[PDB]
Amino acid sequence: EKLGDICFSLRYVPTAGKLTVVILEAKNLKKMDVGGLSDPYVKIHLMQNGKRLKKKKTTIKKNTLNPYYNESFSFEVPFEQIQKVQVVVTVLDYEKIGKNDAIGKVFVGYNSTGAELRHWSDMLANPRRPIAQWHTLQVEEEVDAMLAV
């Protein structure tokens, strides 16, 4: 059941309606293709009502299960909408040929629970303060069911 964990920061500036996500690192990632190499990268999606609104991606790290990224991404989300959105973070194994397999995902924001809700609520309660937290990756099938319209 151990897919890995991902650390990212969240920051929200209500006046400008700027939501910043910094992908910091991932650890203990599942090795997807046994025998070969693990080349992880991270995708970030901004979602609302089951729709992917914006998609961003990190660089690809080669031959590691414990990649460091330190890559920042910003989204424009007005303060009247911030409580309705979801930020979805997926770690995938890059392959030059074939669909890239997801290792796992997590989401924060509307309809999140547990530690993910706590991270989002901390961000909202502290305008302009970046907040970093570790999250356990979950299998995509379960996260997708929760995100679907």
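Residue numbers run from 1 along the displayed sequence.
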Quick one: say whether 95-103 or 81-89 has the higher mean Cα B-factor in the deposited entry. 95-103
Of 27-35 and 46-54, the stretch with the higher mean C-alpha B-factor in the deposited entry is 27-35
Criterion, highest CA B-factor; candidates, 59, 121, 111, 63: 63
In this crystal structure's PDB entry, the residue among 13, 137, 10, 125 with the greatest CA B factor is 125
Binned into thirds over the chain's modelled residues, the C-alpha B-factor of residue 143 lands in the middle
Taking the chain's C-alpha temperature factors as the reference, tell me which third residue 6 falls into: lowest, middle or highest. lowest
